[PDB]
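File shown: work.cif (mmCIF, C-alpha atoms and all ligand atoms).
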data_entry
loop_
_atom_site.label_atom_id
_atom_site.label_comp_id
_atom_site.auth_asym_id
_atom_site.auth_seq_id
_atom_site.Cartn_x
_atom_site.Cartn_y
_atom_site.Cartn_z
CA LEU A 1 -20.01 -15.06 -91.61
CA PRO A 2 -21.69 -11.72 -90.93
CA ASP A 3 -24.96 -12.07 -88.98
CA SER A 4 -26.65 -9.79 -91.49
CA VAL A 5 -26.01 -8.94 -95.12
CA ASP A 6 -27.69 -6.49 -97.46
CA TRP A 7 -26.10 -6.00 -100.88
CA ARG A 8 -28.14 -2.86 -101.49
CA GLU A 9 -25.84 -1.15 -98.99
CA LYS A 10 -22.93 -1.98 -101.30
CA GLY A 11 -24.67 -0.45 -104.32
CA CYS A 12 -24.90 -3.89 -105.99
CA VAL A 13 -28.66 -4.05 -106.49
CA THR A 14 -30.50 -2.16 -109.21
CA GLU A 15 -34.01 -0.72 -109.04
CA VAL A 16 -36.87 -3.17 -108.66
CA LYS A 17 -38.31 -4.12 -112.03
CA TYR A 18 -41.85 -4.80 -113.10
CA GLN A 19 -42.29 -7.97 -115.17
CA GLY A 20 -45.97 -7.27 -115.99
CA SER A 21 -47.88 -9.81 -118.08
CA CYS A 22 -44.82 -11.76 -119.13
CA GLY A 23 -43.62 -14.76 -117.10
CA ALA A 24 -40.03 -13.46 -117.02
CA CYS A 25 -39.24 -13.68 -113.32
CA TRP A 26 -36.45 -16.11 -114.21
CA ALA A 27 -34.87 -13.50 -116.47
CA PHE A 28 -35.07 -10.80 -113.82
CA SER A 29 -33.65 -13.18 -111.25
CA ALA A 30 -30.70 -14.04 -113.55
CA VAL A 31 -29.90 -10.45 -114.56
CA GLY A 32 -30.13 -9.25 -110.96
CA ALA A 33 -27.52 -11.77 -109.84
CA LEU A 34 -25.19 -10.73 -112.68
CA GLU A 35 -25.83 -7.05 -112.04
CA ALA A 36 -24.26 -7.44 -108.58
CA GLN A 37 -21.24 -9.24 -110.06
CA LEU A 38 -20.84 -6.52 -112.71
CA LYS A 39 -20.81 -3.86 -109.94
CA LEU A 40 -18.26 -5.84 -107.92
CA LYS A 41 -15.99 -6.19 -110.97
CA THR A 42 -16.33 -2.78 -112.66
CA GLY A 43 -17.65 -0.49 -109.91
CA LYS A 44 -20.62 0.41 -112.12
CA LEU A 45 -24.24 -0.50 -111.37
CA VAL A 46 -26.04 -1.16 -114.68
CA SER A 47 -29.45 -2.80 -115.18
CA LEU A 48 -29.01 -5.73 -117.56
CA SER A 49 -31.45 -6.86 -120.20
CA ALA A 50 -34.08 -9.31 -119.04
CA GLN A 51 -35.56 -8.97 -122.54
CA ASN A 52 -32.32 -10.22 -124.06
CA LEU A 53 -32.79 -13.42 -122.04
CA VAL A 54 -36.52 -13.73 -122.86
CA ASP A 55 -35.86 -13.38 -126.62
CA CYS A 56 -32.52 -15.18 -126.94
CA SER A 57 -32.11 -17.71 -124.14
CA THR A 58 -34.80 -19.87 -125.66
CA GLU A 59 -35.35 -23.50 -126.74
CA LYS A 60 -31.67 -24.44 -126.74
CA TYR A 61 -31.65 -23.55 -123.02
CA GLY A 62 -34.94 -25.26 -122.20
CA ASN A 63 -36.55 -21.86 -121.81
CA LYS A 64 -39.90 -20.57 -123.08
CA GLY A 65 -39.60 -16.78 -122.86
CA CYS A 66 -42.70 -15.27 -121.30
CA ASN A 67 -43.85 -18.79 -120.46
CA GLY A 68 -40.92 -19.44 -118.12
CA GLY A 69 -37.27 -20.42 -117.98
CA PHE A 70 -34.27 -21.20 -115.79
CA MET A 71 -31.79 -18.82 -114.19
CA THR A 72 -29.05 -21.44 -114.59
CA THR A 73 -29.56 -21.87 -118.35
CA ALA A 74 -29.95 -18.09 -118.74
CA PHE A 75 -26.42 -17.82 -117.31
CA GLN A 76 -25.33 -20.54 -119.73
CA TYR A 77 -26.72 -18.45 -122.59
CA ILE A 78 -24.76 -15.41 -121.41
CA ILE A 79 -21.60 -17.59 -121.33
CA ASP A 80 -22.30 -19.20 -124.70
CA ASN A 81 -23.29 -15.88 -126.27
CA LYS A 82 -20.23 -14.18 -124.79
CA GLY A 83 -22.45 -11.42 -123.44
CA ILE A 84 -25.67 -9.77 -122.42
CA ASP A 85 -26.84 -6.28 -123.37
CA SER A 86 -27.77 -3.49 -121.04
CA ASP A 87 -31.44 -3.00 -120.22
CA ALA A 88 -31.13 0.53 -121.65
CA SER A 89 -29.93 -0.83 -124.99
CA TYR A 90 -32.32 -3.79 -125.10
CA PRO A 91 -35.33 -2.65 -123.08
CA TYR A 92 -37.99 -4.80 -121.48
CA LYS A 93 -41.33 -5.07 -123.30
CA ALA A 94 -43.01 -7.96 -121.42
CA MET A 95 -43.48 -10.01 -124.59
CA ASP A 96 -41.65 -12.58 -126.66
CA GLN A 97 -39.63 -10.99 -129.46
CA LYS A 98 -37.09 -12.03 -132.05
CA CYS A 99 -33.60 -12.19 -130.58
CA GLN A 100 -32.03 -8.77 -131.08
CA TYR A 101 -28.76 -9.18 -129.19
CA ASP A 102 -26.06 -6.75 -130.34
CA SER A 103 -22.52 -7.15 -128.95
CA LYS A 104 -21.97 -3.41 -129.46
CA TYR A 105 -24.23 -2.85 -126.43
CA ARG A 106 -22.81 -5.67 -124.34
CA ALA A 107 -22.85 -4.58 -120.70
CA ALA A 108 -21.83 -7.81 -118.97
CA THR A 109 -20.27 -11.20 -119.55
CA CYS A 110 -20.45 -14.45 -117.61
CA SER A 111 -17.61 -16.97 -117.33
CA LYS A 112 -19.39 -19.53 -115.15
CA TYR A 113 -22.17 -20.14 -112.68
CA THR A 114 -22.38 -22.14 -109.50
CA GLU A 115 -25.37 -24.14 -108.39
CA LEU A 116 -25.83 -24.60 -104.67
CA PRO A 117 -26.94 -27.84 -103.01
CA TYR A 118 -30.67 -28.39 -102.53
CA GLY A 119 -32.10 -27.11 -99.27
CA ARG A 120 -28.78 -26.02 -97.70
CA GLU A 121 -29.63 -22.69 -96.16
CA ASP A 122 -26.18 -22.65 -94.51
CA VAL A 123 -24.49 -22.91 -97.90
CA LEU A 124 -26.80 -20.26 -99.34
CA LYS A 125 -25.97 -17.97 -96.41
CA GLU A 126 -22.25 -18.43 -97.06
CA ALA A 127 -22.76 -17.73 -100.77
CA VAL A 128 -24.77 -14.57 -100.12
CA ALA A 129 -22.11 -13.37 -97.62
CA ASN A 130 -19.06 -14.27 -99.68
CA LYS A 131 -20.06 -14.22 -103.36
CA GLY A 132 -23.07 -11.98 -103.87
CA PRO A 133 -26.81 -12.08 -104.52
CA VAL A 134 -28.02 -15.58 -105.38
CA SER A 135 -30.76 -16.34 -107.91
CA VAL A 136 -33.32 -18.61 -106.28
CA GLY A 137 -36.66 -20.22 -106.95
CA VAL A 138 -39.45 -20.08 -104.44
CA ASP A 139 -42.99 -21.27 -104.00
CA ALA A 140 -44.99 -18.09 -104.51
CA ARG A 141 -48.29 -19.89 -105.27
CA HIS A 142 -50.09 -18.82 -102.12
CA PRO A 143 -52.14 -15.64 -101.87
CA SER A 144 -50.19 -14.67 -98.73
CA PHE A 145 -47.13 -14.10 -100.94
CA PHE A 146 -48.91 -11.69 -103.31
CA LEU A 147 -50.60 -10.10 -100.29
CA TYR A 148 -47.33 -9.73 -98.35
CA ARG A 149 -46.72 -6.17 -97.21
CA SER A 150 -44.13 -6.33 -94.42
CA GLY A 151 -42.37 -8.43 -91.79
CA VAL A 152 -40.82 -11.88 -92.02
CA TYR A 153 -42.96 -13.99 -94.32
CA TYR A 154 -43.84 -17.45 -93.03
CA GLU A 155 -46.56 -19.44 -94.78
CA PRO A 156 -47.27 -22.87 -93.30
CA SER A 157 -48.84 -24.04 -96.60
CA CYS A 158 -45.61 -23.34 -98.53
CA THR A 159 -43.89 -26.19 -100.31
CA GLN A 160 -40.27 -26.58 -101.43
CA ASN A 161 -41.35 -26.76 -105.07
CA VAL A 162 -40.19 -23.73 -106.98
CA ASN A 163 -42.50 -21.78 -109.28
CA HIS A 164 -41.19 -18.24 -109.04
CA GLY A 165 -37.67 -16.87 -109.65
CA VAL A 166 -36.36 -14.15 -107.35
CA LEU A 167 -33.03 -12.87 -105.99
CA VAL A 168 -31.63 -13.22 -102.49
CA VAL A 169 -29.75 -9.96 -101.85
CA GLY A 170 -29.15 -10.43 -98.13
CA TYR A 171 -30.23 -11.97 -94.89
CA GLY A 172 -30.77 -10.88 -91.31
CA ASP A 173 -33.15 -11.20 -88.43
CA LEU A 174 -35.63 -9.45 -86.16
CA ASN A 175 -34.75 -10.53 -82.61
CA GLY A 176 -34.20 -14.11 -83.72
CA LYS A 177 -36.78 -14.24 -86.49
CA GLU A 178 -34.25 -14.95 -89.24
CA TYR A 179 -34.94 -14.01 -92.83
CA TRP A 180 -33.72 -13.91 -96.39
CA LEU A 181 -33.91 -10.55 -98.08
CA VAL A 182 -35.52 -11.21 -101.46
CA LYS A 183 -35.78 -8.87 -104.43
CA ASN A 184 -38.93 -9.56 -106.48
CA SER A 185 -39.81 -8.40 -110.02
CA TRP A 186 -43.38 -7.19 -109.41
CA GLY A 187 -42.40 -3.53 -109.08
CA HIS A 188 -41.76 -1.41 -106.05
CA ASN A 189 -45.40 -1.52 -104.86
CA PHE A 190 -45.09 -5.17 -103.94
CA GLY A 191 -44.09 -5.88 -100.34
CA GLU A 192 -41.38 -3.69 -98.80
CA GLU A 193 -40.50 -1.48 -101.76
CA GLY A 194 -40.40 -4.53 -104.06
CA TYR A 195 -38.74 -6.84 -101.52
CA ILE A 196 -39.95 -9.65 -99.34
CA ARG A 197 -38.24 -10.93 -96.22
CA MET A 198 -38.76 -14.68 -96.11
CA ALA A 199 -38.32 -17.05 -93.19
CA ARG A 200 -34.77 -18.35 -92.93
CA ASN A 201 -33.73 -21.60 -91.25
CA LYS A 202 -37.27 -22.92 -91.10
CA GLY A 203 -36.83 -26.08 -93.15
CA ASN A 204 -36.10 -24.67 -96.60
CA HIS A 205 -39.21 -22.55 -96.33
CA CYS A 206 -41.04 -21.99 -99.64
CA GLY A 207 -38.10 -23.73 -101.30
CA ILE A 208 -35.80 -20.75 -100.85
CA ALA A 209 -32.77 -23.08 -101.11
CA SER A 210 -34.29 -25.57 -103.60
CA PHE A 211 -32.79 -24.01 -106.70
CA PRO A 212 -29.98 -21.53 -105.99
CA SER A 213 -27.27 -20.26 -108.31
CA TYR A 214 -24.99 -17.29 -108.83
CA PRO A 215 -22.96 -16.26 -111.86
CA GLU A 216 -19.45 -14.84 -112.13
CA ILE A 217 -18.37 -12.22 -114.67
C1 LIG B 301 -42.52 -16.22 -112.05
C2 LIG B 301 -42.68 -16.30 -113.52
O1 LIG B 301 -42.75 -15.27 -114.17
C3 LIG B 301 -42.87 -17.53 -114.04
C4 LIG B 301 -44.23 -18.13 -114.33
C5 LIG B 301 -45.44 -17.36 -113.87
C6 LIG B 301 -46.62 -18.00 -113.92
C7 LIG B 301 -47.90 -17.33 -113.49
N1 LIG B 301 -41.81 -18.38 -114.11
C8 LIG B 301 -41.65 -19.52 -113.23
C9 LIG B 301 -40.36 -19.91 -113.82
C10 LIG B 301 -39.61 -21.10 -113.34
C11 LIG B 301 -40.37 -21.85 -112.24
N2 LIG B 301 -39.43 -21.95 -114.54
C12 LIG B 301 -40.41 -22.55 -115.23
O2 LIG B 301 -41.57 -22.44 -114.85
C13 LIG B 301 -40.13 -23.00 -116.62
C14 LIG B 301 -41.07 -23.10 -117.47
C15 LIG B 301 -40.80 -23.51 -118.74
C16 LIG B 301 -39.61 -23.79 -119.07
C17 LIG B 301 -38.69 -23.69 -118.20
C18 LIG B 301 -38.95 -23.30 -117.01
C19 LIG B 301 -38.25 -20.64 -112.79
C20 LIG B 301 -37.41 -21.88 -112.48
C21 LIG B 301 -38.36 -19.76 -111.54
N3 LIG B 301 -39.84 -19.21 -114.84
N4 LIG B 301 -40.79 -18.19 -115.04
#

What would you get if you wrote out this structure as structure tokens?
Amino acid sequence: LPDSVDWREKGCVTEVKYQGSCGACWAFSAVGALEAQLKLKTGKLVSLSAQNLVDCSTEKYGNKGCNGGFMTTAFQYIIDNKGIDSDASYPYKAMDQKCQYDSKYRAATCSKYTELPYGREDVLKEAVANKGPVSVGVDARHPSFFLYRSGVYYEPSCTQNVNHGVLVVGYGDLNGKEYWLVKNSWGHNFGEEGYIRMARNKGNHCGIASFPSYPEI
């Protein structure tokens, strides 16, 4: 496997989004993973509709819109629904709305998704190298996460219990300090232009590998 990966260099990662007052991190995590797959298939980078997931991937999928949801079952909705709309066509409003999916504005499909084994940072590495960005959960319930500005994030008080959905778009190191490159959905003013580098190979740190999945077009 490559020692370092960064899917932004391949034009597979869209601009960092801002979820605002809605608990839609799961939706941003899911669309971000599919956005990379859409680029890899079609050669076009298109932001996909997190709102579509918030409004439509609801109770049937165990999801609660702005009150939370699952990246896995969001993918299942995209499969079941035979599509997801573009963000441009179905824009994000940081609130629960009636489902307004329109297949005319379908920008991506999903045929399947793969869930990676709990805590296997080796398997996650392989997936990020060979498949694409991987939707993950993390423990972000420590002020150090919100306060993160730069460097490789290590928080001794982190648990492996996931409470925040983000997207692993690469991995690398600084002279042996290994990290996962994570795209957040708190806008570009969070961390390193909207990204956080999180400690890799330090015991499933902050649950980075607790809940990983990636879709396929
Ligand atoms: C990060 C985010 O927007 C939130 C909640 C923010 C609270 C301040 N969020 C966390 C999640 C997770 C953990 N799923 C659930 O919490 C959930 C809740 C209800 C039904 C299903 C799932 C995912 C797994 C990251 N989703 N949104």

Show me, as JSON, the centre and edge lengths in Å to one decimal of the axis-aligned box that covers every listed atom of stretch 66-70 of chain A with 4 Å on each side.
{"center_x": -39.1, "center_y": -18.2, "center_z": -118.5, "size_x": 17.6, "size_y": 13.9, "size_z": 13.5}

task = Can you pull out every residue within 8 Å of residue A:102, counting only C-alpha atoms, but drop anything in the same chain fewer than 3 positions away, and send it as a count of residues only?
result = 3

query = Between atom CA of residue A:154 and atom CA of residue A:131, what is the spacing in Å?
reply = 26.1 Å

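What separates atom CA of residue A:134 from atom CA of residue A:214 is a distance of 4.9 Å.
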
inquiry  = Please compute the atom CA of residue A:37-atom CA of residue A:95 distance, one decimal, in Å.
reply    =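 Those two atoms sit 26.6 Å apart.
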
ask   = From the list A:111, A:14, A:175, A:76, which residue is nearest residue A:63 when using only C-alpha atoms?
value =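 The closest residue to residue A:63 is A:76.
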
key: Surrounding residues as a VMD selection string, ligand LIG 301 (chain B), max 9 Å, all atoms listed in the file   = chain A and resid 19 to 29 59 61 to 72 136 to 141 161 to 166 185 211

For the selection you just gave me, I'd like the residues written to a file as a compact mmCIF listing (two decimals), keeping the file's coordinate frame, keeping C-alpha atoms.
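Okay, this is what ended up in part-v2.txt:
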# COMPACT_ATOMS: atom_id res chain seq x y z
CA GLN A 19 -42.29 -7.97 -115.17
CA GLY A 20 -45.97 -7.27 -115.99
CA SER A 21 -47.88 -9.81 -118.08
CA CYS A 22 -44.82 -11.76 -119.13
CA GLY A 23 -43.62 -14.76 -117.10
CA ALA A 24 -40.03 -13.46 -117.02
CA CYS A 25 -39.24 -13.68 -113.32
CA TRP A 26 -36.45 -16.11 -114.21
CA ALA A 27 -34.87 -13.50 -116.47
CA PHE A 28 -35.07 -10.80 -113.82
CA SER A 29 -33.65 -13.18 -111.25
CA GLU A 59 -35.35 -23.50 -126.74
CA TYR A 61 -31.65 -23.55 -123.02
CA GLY A 62 -34.94 -25.26 -122.20
CA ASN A 63 -36.55 -21.86 -121.81
CA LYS A 64 -39.90 -20.57 -123.08
CA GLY A 65 -39.60 -16.78 -122.86
CA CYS A 66 -42.70 -15.27 -121.30
CA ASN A 67 -43.85 -18.79 -120.46
CA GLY A 68 -40.92 -19.44 -118.12
CA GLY A 69 -37.27 -20.42 -117.98
CA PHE A 70 -34.27 -21.20 -115.79
CA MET A 71 -31.79 -18.82 -114.19
CA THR A 72 -29.05 -21.44 -114.59
CA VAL A 136 -33.32 -18.61 -106.28
CA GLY A 137 -36.66 -20.22 -106.95
CA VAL A 138 -39.45 -20.08 -104.44
CA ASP A 139 -42.99 -21.27 -104.00
CA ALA A 140 -44.99 -18.09 -104.51
CA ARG A 141 -48.29 -19.89 -105.27
CA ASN A 161 -41.35 -26.76 -105.07
CA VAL A 162 -40.19 -23.73 -106.98
CA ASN A 163 -42.50 -21.78 -109.28
CA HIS A 164 -41.19 -18.24 -109.04
CA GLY A 165 -37.67 -16.87 -109.65
CA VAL A 166 -36.36 -14.15 -107.35
CA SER A 185 -39.81 -8.40 -110.02
CA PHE A 211 -32.79 -24.01 -106.70

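The nearest approach to residue A:12 among the residues A:107, A:74, A:34, A:94, with all atoms listed in the file taken into account, belongs to A:34.
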
inquiry  = Let me make sure I understand: among A:144, A:9, A:47, A:17, which one has the smallest atom-to-atom distance to residue A:84 if we use all atoms listed in the file?
reply    =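 Closest to residue A:84 of all the choices is A:47.
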
message = Here's a test: counting all atoms listed in the file, identify every protein, DNA and RNA residue with an atom at most 7 Å from (-34.4, -20.8, -91.5) in the file's coordinate frame, and state them as a PyMOL selection string.
response = chain A and resi 121+178-179+199-204

Within 7 Å of residue A:184, counting all atoms listed in the file, which residues qualify if same-chain residues fewer than 5 places away don't, as a JSON list (two decimals) with C-alpha atoms, keeping the file's coordinate frame?
[["chain", "number", "residue", "atom", "x", "y", "z"],
["A", 166, "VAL", "CA", -36.36, -14.15, -107.35],
["A", 167, "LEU", "CA", -33.03, -12.87, -105.99],
["A", 194, "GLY", "CA", -40.40, -4.53, -104.06],
["A", 195, "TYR", "CA", -38.74, -6.84, -101.52]]

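Of the listed residues (A:103, A:160, A:97, A:86), A:97 comes nearest to residue A:56; the distances count only C-alpha atoms.
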
inquiry  = When you look at residue A:123 with a cut-off of 12 Å (counting all atoms listed in the file), what residues show up, excluding the ones that are within fewer than 5 positions of it in the same chain? I need them as an NGL selection string.
reply    = :A and (1 or 114-118 or 128-131 or 134 or 201 or 204 or 208-210 or 212-213)

message = My list of candidates is A:7, A:190, A:153, A:18. Which is closest to residue A:39 when distances are computed with only C-alpha atoms?
response = A:7

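Among the candidates A:192, A:126, A:15, A:155, the residue lying nearest to residue A:87 is A:15 (atoms considered: only C-alpha atoms).
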
May I have the residues within 10 Å of residue A:35 as a compact mmCIF listing (two decimals) with C-alpha atoms, in the coordinates of the input, using all atoms listed in the file and disregarding those fewer than 3 positions away in the same chain?
# COMPACT_ATOMS: atom_id res chain seq x y z
CA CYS A 12 -24.90 -3.89 -105.99
CA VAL A 13 -28.66 -4.05 -106.49
CA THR A 14 -30.50 -2.16 -109.21
CA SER A 29 -33.65 -13.18 -111.25
CA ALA A 30 -30.70 -14.04 -113.55
CA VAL A 31 -29.90 -10.45 -114.56
CA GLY A 32 -30.13 -9.25 -110.96
CA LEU A 38 -20.84 -6.52 -112.71
CA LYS A 39 -20.81 -3.86 -109.94
CA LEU A 40 -18.26 -5.84 -107.92
CA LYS A 41 -15.99 -6.19 -110.97
CA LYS A 44 -20.62 0.41 -112.12
CA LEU A 45 -24.24 -0.50 -111.37
CA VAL A 46 -26.04 -1.16 -114.68
CA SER A 47 -29.45 -2.80 -115.18
CA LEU A 48 -29.01 -5.73 -117.56
CA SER A 49 -31.45 -6.86 -120.20
CA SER A 86 -27.77 -3.49 -121.04
CA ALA A 107 -22.85 -4.58 -120.70
CA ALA A 108 -21.83 -7.81 -118.97
CA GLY A 132 -23.07 -11.98 -103.87
CA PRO A 133 -26.81 -12.08 -104.52
CA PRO A 215 -22.96 -16.26 -111.86
CA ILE A 217 -18.37 -12.22 -114.67
